[PDB]
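Peer 1: For reference, the structure I am asking about is given below.
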Protein chains: 2
Amino acid sequence: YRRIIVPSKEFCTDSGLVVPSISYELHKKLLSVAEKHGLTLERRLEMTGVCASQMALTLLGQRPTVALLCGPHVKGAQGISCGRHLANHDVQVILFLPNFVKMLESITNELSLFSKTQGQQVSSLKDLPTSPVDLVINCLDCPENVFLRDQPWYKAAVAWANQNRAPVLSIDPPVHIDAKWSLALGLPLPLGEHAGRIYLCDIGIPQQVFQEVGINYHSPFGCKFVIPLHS
Amino acid sequence: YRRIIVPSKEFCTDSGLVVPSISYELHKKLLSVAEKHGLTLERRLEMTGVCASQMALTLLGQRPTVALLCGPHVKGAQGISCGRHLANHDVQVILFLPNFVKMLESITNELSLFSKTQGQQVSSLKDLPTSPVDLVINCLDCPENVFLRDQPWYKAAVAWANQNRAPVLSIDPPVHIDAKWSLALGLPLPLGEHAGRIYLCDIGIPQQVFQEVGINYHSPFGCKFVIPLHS
């Protein structure tokens with residue numbers, strides 16, 4: 001039944017527990033409270049990295065190949081963290097990331113860690129394998145970067161993901177490339193049918209943090225860190 | 001065969017890959033290099049937390065009960081992080097931690113995060129369940145705290161773990177309480193038969209960090225973050 005209560009969409013787990021959707025703002029505010037209460041950005045990034053990589057690995061089954069399409073924003077950095085963890089586990093990670101002017105700390109740190117792996121970083125779409133890869137991970141869009149959707153590298157990246165034939169995993173995709181699987185973090189946004197097979201990841205938000213932002217929360221995860229969700 | 005080469009004991013995986021042991025100093029120096037190369041303490045603590053909790057959960061199978069025996073050192077903090085993650089997943093976590101004078105940052109932060117969960121923190125052994133719990137997790141000992149072994153709370157804690165009947169998981173135990181399972185981190189120390197069923201956890205050390213401390217490394221994990229090891 002309904003264990004989580006929010007003050008829009010409604011998903012359920014394999015056990016039929018109802019996990020509701022939350023607005024983008026409520027999601028950001030929840031993340032802002034956690035960070036004040038200890039769970040830093042680089043702590044979330046590390047965990048998201050691990051858990052996302054663990055899901056990606058399950059989806060994977062010579063070494064498999066994963067294409068990583070990240071943007072110059074905090075959603076992109078999540079993908080990098082994920083990419084790094086996969087590269088650790090003998091997966092051929094090739095990460096696409098466009099160059100930028102004003103440096104982004106989250107990206108800075110995650111790239112630096114990525115450097116030390118055998119994963120490959122590219123700033124071109126033409127440096128990616130012509131032959132379909134095993135999995136494409138998409139972290140191209142941050143909802144606060146409204147105008148970045150019109151970019152030539154953006155439309156060209158979108159074009160690449162769609163021509164490769166490889167199935168797409170979208171980590172923390174926007175509400176509004178067809179993803180085969182989409183991964184939500186902590187709590188889902190009201191994700192549409194465009195999102196495909198929807199999963200929810202645990203980012204280690206303590207139960208009392210939810211109650212502070214007015215959410216009666218009871219963990220829908222059981223004993224898994226990534227769970228499938230249904231409509 | 002032998003993929004990892006070190007410049008003592010030798011374990012092998014289910015696939016028969018040989019993973020060798022490393023000295024405590026080499027282990028600390030490896031951790032010291034990673035931290036310089038980006039992977040901070042709180043990043044390792046977060047990941048160790050997740051992966052250790054994931055193992056503990058596998059060992060677990062009304063809500064199950066886990067007793068958490070942590071010391072006032074960085075090994076203790078690992079246990080707290082683990083405890084916090086379990087408490088997130090509807091496990092009854094009761095954490096034993098003795099009071100101390102000079103405050104320990106790692107513990108400070110992890111306790112603060114633990115606070116926000118429904119997990120219970122105690123400084124007494126008499127506050128723990130009289131009826132055997134489902135699992136006891138032991139992080140009582142840091143090898144640099146030589147003299148802390150003689151402590152009255154130490155000998156009394158050791159006494160508690162042994163009288164409960166519950167199986168013991170020792171996360172990052174010393175080389176020299178009988179653990180049913182012991183978990184090593186990144187690379188194992190030459191752990192003796194006293195350690196019991198030995199597993200190796202991934203703490204997200206990039207391949208190039210190993211080569212800097214003179215270790216030709218190839219990931220023994222395959223696609224798991226915790227693996228069993230054999231002699």
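By convention in this document, the chains of the structure tokens carry letters A, B, ... by their order, each chain's residues are numbered from 1, and ligands are numbered from 1 in the order they are shown.
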Extract, using only C-alpha atoms, all DNA, RNA and protein residues at most 12 Å from residue 52 in chain B, discarding same-chain residues fewer than 3 positions from it, and format them as a ChimeraX atom specification.

Peer 2: /B:44-49,55-59,78-86,137-139,169-172,181-185,199-203,225-227

Peer 1: Convert the current residue selection to file output with N, CA, C and O atoms, as a compact mmCIF listing (two decimals), in the first residue's frame.

Peer 2:
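Final output, out_14.txt:
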```txt
# COMPACT_ATOMS: atom_id res chain seq x y z
N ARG B 44 35.60 7.46 0.20
CA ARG B 44 35.86 6.06 0.52
C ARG B 44 34.87 5.58 1.57
O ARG B 44 34.33 4.49 1.44
N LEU B 45 34.63 6.41 2.58
CA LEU B 45 33.69 6.08 3.65
C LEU B 45 32.28 5.84 3.12
O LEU B 45 31.60 4.91 3.55
N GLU B 46 31.85 6.68 2.17
CA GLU B 46 30.53 6.51 1.59
C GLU B 46 30.45 5.18 0.86
O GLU B 46 29.52 4.41 1.08
N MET B 47 31.45 4.92 0.01
CA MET B 47 31.46 3.71 -0.82
C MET B 47 31.59 2.43 0.00
O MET B 47 30.85 1.47 -0.22
N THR B 48 32.54 2.43 0.94
CA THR B 48 32.73 1.33 1.88
C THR B 48 31.42 1.07 2.61
O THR B 48 31.01 -0.07 2.76
N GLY B 49 30.75 2.14 3.03
CA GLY B 49 29.46 2.05 3.68
C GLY B 49 28.48 1.25 2.85
O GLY B 49 27.95 0.24 3.31
N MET B 55 26.87 -6.28 1.34
CA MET B 55 27.31 -7.60 1.77
C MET B 55 26.53 -8.08 2.99
O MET B 55 25.99 -9.19 2.99
N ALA B 56 26.47 -7.23 4.02
CA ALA B 56 25.71 -7.51 5.23
C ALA B 56 24.27 -7.94 4.92
O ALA B 56 23.74 -8.87 5.53
N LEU B 57 23.65 -7.25 3.95
CA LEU B 57 22.28 -7.53 3.54
C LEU B 57 22.14 -8.92 2.93
O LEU B 57 21.17 -9.63 3.18
N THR B 58 23.13 -9.29 2.11
CA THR B 58 23.21 -10.62 1.51
C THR B 58 23.28 -11.69 2.59
O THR B 58 22.64 -12.74 2.49
N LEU B 59 24.04 -11.39 3.65
CA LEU B 59 24.21 -12.30 4.78
C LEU B 59 22.94 -12.40 5.60
O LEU B 59 22.71 -13.41 6.26
N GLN B 78 34.05 3.54 9.32
CA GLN B 78 33.61 2.68 8.23
C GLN B 78 32.35 1.92 8.64
O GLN B 78 31.34 1.95 7.92
N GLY B 79 32.40 1.28 9.80
CA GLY B 79 31.24 0.58 10.38
C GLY B 79 30.00 1.44 10.56
O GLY B 79 28.88 0.98 10.28
N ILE B 80 30.18 2.68 11.01
CA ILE B 80 29.08 3.64 11.15
C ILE B 80 28.42 3.91 9.81
O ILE B 80 27.19 3.86 9.69
N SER B 81 29.24 4.19 8.80
CA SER B 81 28.77 4.41 7.44
C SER B 81 27.96 3.21 6.97
O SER B 81 26.88 3.36 6.40
N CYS B 82 28.48 2.02 7.23
CA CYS B 82 27.78 0.80 6.90
C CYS B 82 26.45 0.73 7.65
O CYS B 82 25.40 0.50 7.04
N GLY B 83 26.52 0.94 8.96
CA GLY B 83 25.34 0.96 9.82
C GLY B 83 24.25 1.88 9.31
O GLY B 83 23.08 1.49 9.24
N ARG B 84 24.64 3.09 8.93
CA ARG B 84 23.72 4.09 8.39
C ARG B 84 22.98 3.57 7.16
O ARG B 84 21.77 3.73 7.04
N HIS B 85 23.72 2.94 6.25
CA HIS B 85 23.13 2.41 5.03
C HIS B 85 22.14 1.29 5.30
O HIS B 85 21.08 1.22 4.68
N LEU B 86 22.48 0.42 6.25
CA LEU B 86 21.57 -0.63 6.66
C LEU B 86 20.28 -0.06 7.29
O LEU B 86 19.17 -0.49 6.95
N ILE B 137 28.31 -6.77 13.51
CA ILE B 137 29.38 -6.24 12.68
C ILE B 137 30.45 -5.63 13.56
O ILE B 137 30.17 -4.76 14.39
N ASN B 138 31.68 -6.11 13.38
CA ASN B 138 32.80 -5.69 14.22
C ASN B 138 33.82 -4.80 13.52
O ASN B 138 34.52 -5.25 12.60
N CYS B 139 33.92 -3.56 13.99
CA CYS B 139 34.96 -2.62 13.58
C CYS B 139 35.60 -2.03 14.83
O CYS B 139 35.70 -0.81 14.98
N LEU B 169 30.58 -10.42 11.40
CA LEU B 169 31.26 -9.88 10.24
C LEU B 169 32.28 -8.85 10.73
O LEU B 169 31.91 -7.91 11.45
N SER B 170 33.54 -9.03 10.36
CA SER B 170 34.59 -8.07 10.71
C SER B 170 35.02 -7.29 9.48
O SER B 170 35.63 -7.85 8.57
N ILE B 171 34.68 -6.00 9.44
CA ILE B 171 35.10 -5.13 8.35
C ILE B 171 36.47 -4.56 8.65
O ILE B 171 36.65 -3.87 9.65
N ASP B 172 37.42 -4.84 7.76
CA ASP B 172 38.79 -4.36 7.87
C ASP B 172 39.39 -4.78 9.23
O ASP B 172 39.82 -3.92 10.01
N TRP B 181 32.69 -14.07 8.85
CA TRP B 181 33.14 -13.44 7.62
C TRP B 181 34.00 -12.23 7.94
O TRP B 181 33.69 -11.46 8.86
N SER B 182 35.07 -12.06 7.18
CA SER B 182 35.89 -10.86 7.27
C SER B 182 35.92 -10.17 5.91
O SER B 182 36.05 -10.84 4.88
N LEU B 183 35.79 -8.84 5.90
CA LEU B 183 35.82 -8.08 4.64
C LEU B 183 37.08 -7.22 4.52
O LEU B 183 37.35 -6.36 5.36
N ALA B 184 37.85 -7.47 3.46
CA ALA B 184 39.03 -6.68 3.11
C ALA B 184 38.65 -5.59 2.12
O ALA B 184 37.65 -5.71 1.40
N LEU B 185 39.44 -4.53 2.07
CA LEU B 185 39.05 -3.36 1.30
C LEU B 185 40.09 -2.98 0.26
O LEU B 185 41.21 -2.57 0.60
N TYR B 199 36.23 -12.06 2.26
CA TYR B 199 35.75 -11.36 1.08
C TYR B 199 36.57 -10.11 0.81
O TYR B 199 37.23 -9.58 1.72
N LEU B 200 36.55 -9.66 -0.43
CA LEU B 200 37.23 -8.44 -0.82
C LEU B 200 36.26 -7.47 -1.43
O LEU B 200 35.50 -7.80 -2.33
N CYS B 201 36.31 -6.26 -0.91
CA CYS B 201 35.43 -5.20 -1.31
C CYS B 201 36.18 -4.22 -2.22
O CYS B 201 37.38 -4.00 -2.07
N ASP B 202 35.44 -3.63 -3.16
CA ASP B 202 35.98 -2.60 -4.04
C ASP B 202 35.78 -1.23 -3.41
O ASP B 202 34.67 -0.87 -3.04
N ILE B 203 36.86 -0.47 -3.25
CA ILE B 203 36.74 0.92 -2.75
C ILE B 203 37.03 1.97 -3.83
O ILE B 203 37.31 3.13 -3.52
N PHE B 225 31.02 -5.91 -6.62
CA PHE B 225 31.75 -4.98 -5.76
C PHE B 225 32.27 -5.66 -4.48
O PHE B 225 33.14 -5.11 -3.79
N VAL B 226 31.72 -6.83 -4.16
CA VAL B 226 32.22 -7.67 -3.07
C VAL B 226 32.40 -9.09 -3.59
O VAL B 226 31.51 -9.65 -4.22
N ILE B 227 33.58 -9.67 -3.35
CA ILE B 227 33.89 -11.01 -3.85
C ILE B 227 34.42 -11.93 -2.76
O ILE B 227 35.12 -11.49 -1.86
```

Peer 1: All Cα atoms, paired in order, least squares: that's the fit I need for chain B onto chain A, output as a short mmCIF file (atom, residue, chain, number, x, y, z; two decimals) with C-alpha atoms, in the first residue's frame.

Peer 2:
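Written output follows (result.cif):
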```cif
data_model
loop_
_atom_site.label_atom_id
_atom_site.label_comp_id
_atom_site.auth_asym_id
_atom_site.auth_seq_id
_atom_site.Cartn_x
_atom_site.Cartn_y
_atom_site.Cartn_z
CA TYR B 1 0.00 0.00 0.00
CA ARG B 2 0.95 3.70 0.46
CA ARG B 3 3.90 4.17 2.83
CA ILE B 4 5.40 7.34 1.39
CA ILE B 5 3.25 10.48 1.60
CA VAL B 6 3.99 13.79 -0.17
CA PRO B 7 2.31 17.18 0.56
CA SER B 8 1.28 14.30 -10.31
CA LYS B 9 2.45 10.70 -10.95
CA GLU B 10 2.43 7.51 -8.86
CA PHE B 11 4.68 4.48 -9.33
CA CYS B 12 4.70 1.11 -7.63
CA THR B 13 7.39 -1.45 -6.85
CA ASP B 14 7.48 -5.21 -7.59
CA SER B 15 6.00 -5.70 -4.12
CA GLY B 16 3.30 -3.14 -4.97
CA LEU B 17 4.43 -0.47 -2.50
CA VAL B 18 3.37 2.94 -3.81
CA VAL B 19 6.20 5.40 -4.40
CA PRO B 20 4.90 8.82 -5.56
CA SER B 21 6.60 11.37 -7.79
CA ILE B 22 7.94 14.71 -6.56
CA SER B 23 8.39 18.11 -8.24
CA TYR B 24 11.83 19.18 -9.43
CA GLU B 25 11.93 21.97 -6.82
CA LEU B 26 10.99 19.62 -3.97
CA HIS B 27 13.72 17.27 -5.24
CA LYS B 28 16.32 20.06 -5.25
CA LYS B 29 15.21 21.29 -1.79
CA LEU B 30 15.43 17.74 -0.44
CA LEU B 31 18.98 17.52 -1.84
CA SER B 32 19.76 20.93 -0.31
CA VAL B 33 18.67 19.71 3.15
CA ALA B 34 20.67 16.48 2.95
CA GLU B 35 23.79 18.46 2.06
CA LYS B 36 23.27 20.72 5.07
CA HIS B 37 22.73 17.61 7.21
CA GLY B 38 26.06 16.00 6.22
CA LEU B 39 25.54 14.14 2.94
CA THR B 40 27.82 16.27 0.74
CA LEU B 41 27.75 16.52 -3.06
CA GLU B 42 30.86 14.33 -3.50
CA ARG B 43 29.25 11.80 -1.15
CA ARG B 44 26.11 11.66 -3.31
CA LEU B 45 28.27 11.60 -6.45
CA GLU B 46 30.29 8.67 -5.15
CA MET B 47 27.18 6.68 -4.19
CA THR B 48 25.23 7.54 -7.35
CA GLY B 49 28.35 6.48 -9.26
CA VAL B 50 28.46 3.07 -7.56
CA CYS B 51 24.75 2.31 -7.70
CA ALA B 52 24.33 3.53 -11.28
CA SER B 53 27.33 1.46 -12.35
CA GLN B 54 25.84 -1.54 -10.55
CA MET B 55 22.65 -1.12 -12.58
CA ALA B 56 24.54 -0.58 -15.86
CA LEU B 57 26.51 -3.78 -15.15
CA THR B 58 23.29 -5.75 -14.65
CA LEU B 59 22.12 -4.42 -18.03
CA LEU B 60 25.38 -5.57 -19.59
CA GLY B 61 24.66 -9.16 -18.53
CA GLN B 62 36.02 -9.62 -25.02
CA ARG B 63 35.25 -6.58 -22.83
CA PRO B 64 31.87 -4.77 -23.19
CA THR B 65 31.80 -1.15 -24.43
CA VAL B 66 29.88 1.73 -22.84
CA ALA B 67 29.45 5.15 -24.40
CA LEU B 68 28.99 7.94 -21.86
CA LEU B 69 27.17 11.10 -22.95
CA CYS B 70 27.63 13.70 -20.22
CA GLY B 71 26.90 17.44 -20.15
CA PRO B 72 28.81 20.27 -18.41
CA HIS B 73 26.53 20.26 -15.33
CA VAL B 74 25.96 18.34 -12.06
CA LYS B 75 23.89 15.67 -13.87
CA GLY B 76 26.86 15.17 -16.19
CA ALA B 77 29.17 14.68 -13.21
CA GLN B 78 26.92 11.85 -11.99
CA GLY B 79 27.53 10.08 -15.31
CA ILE B 80 31.31 10.58 -15.00
CA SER B 81 31.27 9.03 -11.52
CA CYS B 82 29.30 6.14 -12.96
CA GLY B 83 31.70 5.89 -15.91
CA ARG B 84 34.69 5.78 -13.57
CA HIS B 85 33.21 2.88 -11.59
CA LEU B 86 32.49 0.91 -14.74
CA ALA B 87 36.04 1.51 -16.05
CA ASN B 88 37.28 0.07 -12.73
CA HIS B 89 35.37 -3.13 -13.50
CA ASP B 90 37.09 -3.80 -16.84
CA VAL B 91 34.43 -2.12 -18.98
CA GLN B 92 35.53 -0.10 -22.02
CA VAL B 93 34.30 3.36 -21.07
CA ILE B 94 34.43 6.13 -23.62
CA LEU B 95 33.13 9.40 -22.20
CA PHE B 96 31.90 12.25 -24.35
CA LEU B 97 32.10 15.67 -22.73
CA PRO B 98 32.11 19.02 -24.59
CA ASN B 99 34.70 21.66 -23.64
CA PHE B 100 33.56 24.65 -21.56
CA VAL B 101 34.84 28.06 -20.40
CA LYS B 102 33.83 28.76 -16.75
CA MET B 103 35.06 25.69 -14.86
CA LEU B 104 32.58 23.45 -13.02
CA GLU B 105 33.92 22.10 -9.72
CA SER B 106 31.82 18.91 -9.63
CA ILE B 107 33.00 18.02 -13.16
CA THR B 108 36.58 19.07 -12.28
CA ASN B 109 36.86 16.54 -9.45
CA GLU B 110 35.08 13.68 -11.21
CA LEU B 111 37.16 14.11 -14.37
CA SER B 112 40.33 14.06 -12.28
CA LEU B 113 39.28 10.73 -10.77
CA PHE B 114 38.26 9.45 -14.20
CA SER B 115 41.74 10.33 -15.51
CA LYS B 116 43.32 7.66 -13.29
CA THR B 117 41.19 4.88 -14.82
CA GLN B 118 41.71 3.21 -18.21
CA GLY B 119 38.44 4.82 -19.38
CA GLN B 120 38.75 7.10 -22.39
CA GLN B 121 37.63 10.74 -22.50
CA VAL B 122 36.64 12.44 -25.75
CA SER B 123 35.23 15.87 -26.65
CA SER B 124 34.11 14.71 -30.13
CA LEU B 125 31.26 12.53 -31.30
CA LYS B 126 33.42 11.33 -34.19
CA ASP B 127 35.88 9.74 -31.73
CA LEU B 128 33.24 7.25 -30.59
CA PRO B 129 33.03 3.66 -32.04
CA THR B 130 31.29 3.42 -35.45
CA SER B 131 30.19 -0.13 -34.61
CA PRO B 132 27.28 -0.14 -32.11
CA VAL B 133 28.46 -0.28 -28.48
CA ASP B 134 26.89 -2.41 -25.76
CA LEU B 135 25.32 0.45 -23.79
CA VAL B 136 24.87 4.19 -24.08
CA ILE B 137 24.51 6.16 -20.87
CA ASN B 138 22.89 9.57 -21.21
CA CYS B 139 23.43 12.44 -18.76
CA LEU B 140 23.20 15.24 -21.33
CA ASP B 141 20.55 17.47 -19.74
CA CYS B 142 20.28 19.65 -16.61
CA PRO B 143 16.81 21.28 -16.26
CA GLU B 144 18.25 24.62 -15.07
CA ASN B 145 20.24 24.96 -18.30
CA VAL B 146 17.18 25.85 -20.40
CA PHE B 147 18.99 27.32 -23.44
CA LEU B 148 21.71 24.63 -23.76
CA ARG B 149 19.22 22.49 -25.72
CA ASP B 150 19.83 24.50 -28.91
CA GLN B 151 23.61 23.87 -28.93
CA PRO B 152 25.26 22.35 -32.06
CA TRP B 153 27.11 19.75 -29.97
CA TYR B 154 23.83 19.04 -28.18
CA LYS B 155 21.80 18.33 -31.32
CA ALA B 156 24.80 16.43 -32.74
CA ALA B 157 25.09 14.34 -29.57
CA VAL B 158 21.37 13.58 -29.58
CA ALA B 159 21.88 12.63 -33.24
CA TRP B 160 24.71 10.24 -32.30
CA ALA B 161 22.78 8.39 -29.57
CA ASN B 162 19.93 7.82 -32.01
CA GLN B 163 22.08 6.52 -34.89
CA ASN B 164 24.15 4.03 -32.86
CA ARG B 165 21.33 1.48 -32.34
CA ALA B 166 22.64 0.79 -28.81
CA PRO B 167 20.08 0.83 -25.95
CA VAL B 168 20.09 3.99 -23.84
CA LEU B 169 20.16 4.37 -20.08
CA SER B 170 19.26 7.89 -18.93
CA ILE B 171 20.47 8.73 -15.42
CA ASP B 172 18.38 11.51 -13.87
CA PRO B 173 16.68 12.50 -17.15
CA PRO B 174 14.46 15.60 -17.42
CA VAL B 175 10.66 15.41 -17.16
CA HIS B 176 10.09 16.77 -20.69
CA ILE B 177 16.95 10.28 -27.47
CA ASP B 178 14.54 7.52 -26.45
CA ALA B 179 15.83 5.87 -23.28
CA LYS B 180 15.26 2.15 -22.85
CA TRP B 181 15.84 2.53 -19.10
CA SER B 182 15.69 5.69 -17.01
CA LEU B 183 17.12 5.91 -13.47
CA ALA B 184 15.58 8.20 -10.82
CA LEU B 185 17.51 9.16 -7.71
CA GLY B 186 16.12 8.94 -4.17
CA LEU B 187 12.67 9.94 -5.41
CA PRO B 188 11.33 10.05 -8.97
CA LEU B 189 10.13 13.10 -10.87
CA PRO B 190 6.82 12.57 -12.71
CA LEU B 191 8.54 10.79 -15.61
CA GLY B 192 6.58 10.26 -18.82
CA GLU B 193 6.35 7.28 -21.15
CA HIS B 194 9.28 8.79 -23.09
CA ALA B 195 11.45 7.58 -20.17
CA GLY B 196 10.93 3.86 -20.83
CA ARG B 197 11.74 1.25 -18.18
CA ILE B 198 11.91 3.30 -14.94
CA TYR B 199 14.12 2.42 -11.96
CA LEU B 200 14.75 4.15 -8.65
CA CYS B 201 18.14 4.41 -7.09
CA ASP B 202 19.00 4.92 -3.42
CA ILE B 203 21.22 7.96 -2.72
CA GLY B 204 21.36 7.36 1.03
CA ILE B 205 18.93 10.02 2.20
CA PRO B 206 18.15 9.40 5.89
CA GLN B 207 14.49 9.05 6.86
CA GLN B 208 14.46 12.21 9.02
CA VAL B 209 15.60 14.44 6.13
CA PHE B 210 12.35 13.60 4.29
CA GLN B 211 10.23 14.50 7.32
CA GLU B 212 11.96 17.89 7.49
CA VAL B 213 10.81 18.75 3.94
CA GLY B 214 7.32 17.47 4.88
CA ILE B 215 7.53 13.92 3.52
CA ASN B 216 6.41 10.93 5.55
CA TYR B 217 8.89 8.41 4.11
CA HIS B 218 9.28 4.64 4.42
CA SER B 219 12.01 2.98 2.33
CA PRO B 220 10.57 1.39 -0.86
CA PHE B 221 13.91 -0.37 -1.52
CA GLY B 222 13.70 -3.41 0.70
CA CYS B 223 17.30 -4.59 0.45
CA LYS B 224 18.23 -3.44 -3.07
CA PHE B 225 19.85 -0.13 -3.96
CA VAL B 226 18.23 0.01 -7.43
CA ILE B 227 14.59 -0.99 -7.96
CA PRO B 228 12.20 -1.23 -10.92
CA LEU B 229 9.09 0.98 -10.89
CA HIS B 230 5.78 0.64 -12.76
CA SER B 231 2.78 2.77 -13.71
#
```

Peer 1: Just list the residues in range 59-142 of chain A DSSP gives strand (DSSP E) on the backbone, as a ChimeraX atom specification.

Peer 2: /A:65-70,92-96,120-122,135-139

Peer 1: Atoms to include: N, CA, C and O atoms. Write the selected residues as an mmCIF file, in the first residue's frame.

Peer 2:
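Result file part-v9.cif:
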```
data_model
loop_
_atom_site.group_PDB
_atom_site.id
_atom_site.type_symbol
_atom_site.label_atom_id
_atom_site.label_comp_id
_atom_site.auth_asym_id
_atom_site.auth_seq_id
_atom_site.Cartn_x
_atom_site.Cartn_y
_atom_site.Cartn_z
ATOM 1 N N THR A 65 31.517 -2.564 -24.161
ATOM 2 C CA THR A 65 31.804 -1.153 -24.425
ATOM 3 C C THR A 65 30.628 -0.258 -24.047
ATOM 4 O O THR A 65 29.499 -0.487 -24.481
ATOM 5 N N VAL A 66 30.904 0.763 -23.240
ATOM 6 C CA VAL A 66 29.884 1.726 -22.839
ATOM 7 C C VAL A 66 30.251 3.128 -23.295
ATOM 8 O O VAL A 66 31.347 3.618 -23.013
ATOM 9 N N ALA A 67 29.327 3.758 -24.014
ATOM 10 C CA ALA A 67 29.455 5.154 -24.402
ATOM 11 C C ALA A 67 28.778 6.025 -23.352
ATOM 12 O O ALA A 67 27.664 5.732 -22.914
ATOM 13 N N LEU A 68 29.453 7.099 -22.957
ATOM 14 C CA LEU A 68 28.994 7.940 -21.855
ATOM 15 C C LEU A 68 28.771 9.374 -22.335
ATOM 16 O O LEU A 68 29.727 10.102 -22.615
ATOM 17 N N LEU A 69 27.509 9.781 -22.427
ATOM 18 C CA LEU A 69 27.174 11.101 -22.947
ATOM 19 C C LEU A 69 26.797 12.048 -21.821
ATOM 20 O O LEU A 69 25.650 12.078 -21.373
ATOM 21 N N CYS A 70 27.784 12.817 -21.370
ATOM 22 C CA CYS A 70 27.627 13.704 -20.224
ATOM 23 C C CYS A 70 27.659 15.163 -20.642
ATOM 24 O O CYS A 70 28.358 15.528 -21.587
ATOM 25 N N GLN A 92 35.006 -1.125 -21.117
ATOM 26 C CA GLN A 92 35.533 -0.104 -22.016
ATOM 27 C C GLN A 92 34.639 1.136 -22.017
ATOM 28 O O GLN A 92 33.607 1.191 -22.704
ATOM 29 N N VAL A 93 35.046 2.121 -21.222
ATOM 30 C CA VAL A 93 34.299 3.358 -21.067
ATOM 31 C C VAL A 93 34.898 4.427 -21.958
ATOM 32 O O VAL A 93 36.086 4.753 -21.859
ATOM 33 N N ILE A 94 34.068 4.952 -22.849
ATOM 34 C CA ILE A 94 34.435 6.127 -23.617
ATOM 35 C C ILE A 94 33.441 7.223 -23.257
ATOM 36 O O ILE A 94 32.234 7.069 -23.444
ATOM 37 N N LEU A 95 33.961 8.314 -22.708
ATOM 38 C CA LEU A 95 33.132 9.395 -22.205
ATOM 39 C C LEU A 95 33.199 10.620 -23.100
ATOM 40 O O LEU A 95 34.273 11.195 -23.316
ATOM 41 N N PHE A 96 32.037 11.001 -23.621
ATOM 42 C CA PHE A 96 31.900 12.245 -24.350
ATOM 43 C C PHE A 96 31.555 13.374 -23.394
ATOM 44 O O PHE A 96 30.595 13.276 -22.621
ATOM 45 N N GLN A 120 38.299 6.121 -21.409
ATOM 46 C CA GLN A 120 38.746 7.098 -22.390
ATOM 47 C C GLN A 120 37.815 8.307 -22.459
ATOM 48 O O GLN A 120 36.599 8.159 -22.539
ATOM 49 N N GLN A 121 38.401 9.500 -22.433
ATOM 50 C CA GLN A 121 37.632 10.737 -22.503
ATOM 51 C C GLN A 121 37.794 11.422 -23.854
ATOM 52 O O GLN A 121 38.915 11.651 -24.319
ATOM 53 N N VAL A 122 36.662 11.749 -24.471
ATOM 54 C CA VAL A 122 36.645 12.442 -25.754
ATOM 55 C C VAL A 122 35.736 13.664 -25.698
ATOM 56 O O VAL A 122 34.770 13.694 -24.934
ATOM 57 N N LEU A 135 26.217 -0.404 -24.559
ATOM 58 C CA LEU A 135 25.315 0.446 -23.791
ATOM 59 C C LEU A 135 25.687 1.907 -23.927
ATOM 60 O O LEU A 135 26.861 2.263 -23.905
ATOM 61 N N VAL A 136 24.673 2.751 -24.052
ATOM 62 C CA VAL A 136 24.871 4.188 -24.082
ATOM 63 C C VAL A 136 24.259 4.769 -22.818
ATOM 64 O O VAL A 136 23.091 4.531 -22.525
ATOM 65 N N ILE A 137 25.048 5.516 -22.059
ATOM 66 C CA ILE A 137 24.515 6.164 -20.869
ATOM 67 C C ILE A 137 24.391 7.653 -21.116
ATOM 68 O O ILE A 137 25.367 8.316 -21.482
ATOM 69 N N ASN A 138 23.183 8.171 -20.917
ATOM 70 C CA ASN A 138 22.894 9.568 -21.209
ATOM 71 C C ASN A 138 22.663 10.440 -19.978
ATOM 72 O O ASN A 138 21.684 10.252 -19.244
ATOM 73 N N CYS A 139 23.572 11.395 -19.775
ATOM 74 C CA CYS A 139 23.432 12.440 -18.764
ATOM 75 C C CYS A 139 23.671 13.792 -19.432
ATOM 76 O O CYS A 139 24.489 14.590 -18.968
#
```

Peer 1: For the structure I just gave you, how does DSSP split range 188-219 of chain B - specifically, which residues are helix (DSSP H, G or I)? Reply as a list in words.

Peer 2: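 So the helix (DSSP H, G or I) residues in range 188-219 of chain B would be residues 193, 194, 195, 207, 208, 209, 210, 211 and 212 of chain B.
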